[PDB]
Each structure stands twice: as C-alpha cells, then as structure tokens.
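# Structural description and commentary
Take a look at the letters that make up each chain.
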Amino acid sequence: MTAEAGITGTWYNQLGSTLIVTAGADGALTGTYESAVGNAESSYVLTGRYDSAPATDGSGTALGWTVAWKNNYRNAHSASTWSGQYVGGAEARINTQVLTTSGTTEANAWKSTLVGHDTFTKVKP
C-alpha cells in the first residue's frame, strides 16, 4: 500500500490535464505534465518531492512539484508549483493548491502570482 506504489502513474485533473509521475523510493518525484491548462502546450518536465515514509493513521501523504512552462514548443515565462497530499484507496486523489508565478517587472510584481487548486484522480474526467 506504499506511497511510492500509490503515487507512481498517471493522474488527471478536473480540467483534463495529465500528470505522469514516478515516485522514487527516497522521496523524488519526476515525470511530465501535459494537456488542459496551467499555461500549457504539449508535455513539460515536472519535478518534486514527497514524504516517502508517511503516517499510517489515515493521514494523507504530503507532496509537491514544480513545472516551468518552457518546452520545445512554447515558453510562457512562468512556473507553477502544486502543494498537496495523496490520499490512497479505491477512490485515490491528489488534492492540491497551486501557485503560478509569471516573470514580471518590479512594477507588475503585485500581479505576478496566481493561486488556484487542482484535484487529481486516477480516472479521466
């Protein structure tokens, strides 16, 4: 029932976006993020961390990851970070909150960062 085993694979958000992630035995998250819209276009590299020895008292597993919105096809001069927890079981979820910062002048820094939320499931919407 390990968090390593549970997190590794493909997840889909409410908006249709696809997360493909491998959770390493010692806390690494690596993979890609594709489709719908943070500020997207094809696949982007994703990296993060998770608690590889979580509590076994029914608590979720803390994690986070980052995508910089630059690949071979697009550069949005922005990066998003998702912070959340994985909940296992038949109805598994990654529940997140997400910050998206765009590069700005000092003057526009006040409007540099968006906040949203993303819920990921194992099955498509």
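Sequence positions in this view are assigned from 1 along each chain in the order the sequence is written. Entry numbering can differ, and residues without coordinates are absent from the display. The basis for every side-chain value is the complete set of heavy atoms in the structure, and neither hydrogens nor water enter the calculation.

Structure determination for this PDB entry was carried out by X-ray crystallography, with a resolution of 1.949 Å recorded in the header.

## Considerations on the nonpolar core
Just so we agree on the cut-off: Side-chain atoms within 4.5 Å link the members of a nonpolar core, which is a set of buried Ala, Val, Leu, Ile, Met, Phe, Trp, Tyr and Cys residues. Only protein chains enter the accessibility calculation, which uses a 1.4 Å probe; a residue whose area is less than 20% of its type maximum is buried, one above 50% is exposed, and one in between is partly exposed. The way it works is that DSSP assigns letters per residue, a run of H or I at least four long becomes a helix, a run of E at least two long becomes a strand, and they are numbered from the N terminus. Between two residues, a contact is recorded if the distance between any of their heavy atoms is within 4.5 Å.
Core analysis: the biggest nonpolar cluster contains 23 residues, and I7 and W65 have the highest contact counts within it. Elements that contribute at least two residues to this core include exactly helix 1 (3-7), strand 2 (18-23), strand 3 (28-34), strand 4 (44-50), strand 5 (61-70), strand 6 (75-87) and strand 7 (93-102). Here the element with the most residues in this core is strand 5; it accounts for 4 residues. Apart from residues lying up to four places away in sequence, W65 is in contact with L19, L29, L46, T47, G48, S80, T81, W82, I94, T96 and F120.

## Section: the environment of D26
Within the fold, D26 resides in the loop between strand 2 and strand 3. Placed 25 residues apart in sequence, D26 and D51 show a C-alpha to C-alpha distance of 8.4 Å. With residues near it in sequence (within four places) discarded, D26 still touches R49 and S52.

## Here we look at the packing of aromatic side chains
Basically, it comes down to this: The pairing test for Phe, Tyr and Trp rings, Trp by its six-membered ring, is centres within 6.5 Å, and the orientation test on the planes gives stacked under 30 degrees, edge-to-face over 60, and tilted for anything in between. Working rule: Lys NZ or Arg CZ, within 6 Å of ring centre, within 35 degrees of ring normal, means a charge sits over the ring.
Counted according to the given criterion, the structure contains 7 aromatic pairs. Pairing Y44 with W69 gives two aromatic rings, centres 5.0 Å apart and planes at 75°, and the pair type is edge-to-face. Of this pair, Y44 sits in strand 4 while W69 sits in strand 5, and the two are 25 residues apart along the sequence. Their ring planes at 65° and their centres at 6.3 Å tell us that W69 and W82 sit as a pair that is edge-to-face. Of this pair, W69 sits in strand 5 while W82 sits in strand 6; the two residues are 13 residues apart in sequence, bridging distant segments of the chain. Judged by its relative accessible area of 0%, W69 falls in the buried class. The class of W82 is buried, set by a relative accessible area of 3%. These aromatic residues form a ring-pair network of at least three members: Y33, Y44, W65, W69, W82 and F120. Seen from the ring of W11, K122 lies directly overhead, with NZ or CZ sitting 5.0 Å from the centre.

## Focus on the sheet that holds strand 1 (residues 9-13)
What counts is decided by this rule: At least two bridges found by DSSP between two strands are what make those strands a pair. Axis lines are fitted to C-alpha atoms, over the contacting stretch for helices. Their N-to-C directions set the angle, which ranges from 0 to 180 degrees.
In spatial order, the strands read 1-2-3-4-5-6-7-8; together these 8 strands close into a barrel with antiparallel pairing. Across this sheet, the average inter-strand angle for adjacent strands is 30°, counted without regard to direction. Summarising the sheet, strand 5 and strand 6 pair through 9 bridges and their orientation is antiparallel. Bridge assignment links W65 to a residue of strand 6, and that residue is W82.

## Focus: the pairing of strand 5
Note that strand 4 and strand 5 share 4 bridges and pair antiparallel. By the bridge assignment for strand 5, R49 is matched with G64. In sequence, strand 5 turns back onto strand 6 through a hairpin of 4 residues.

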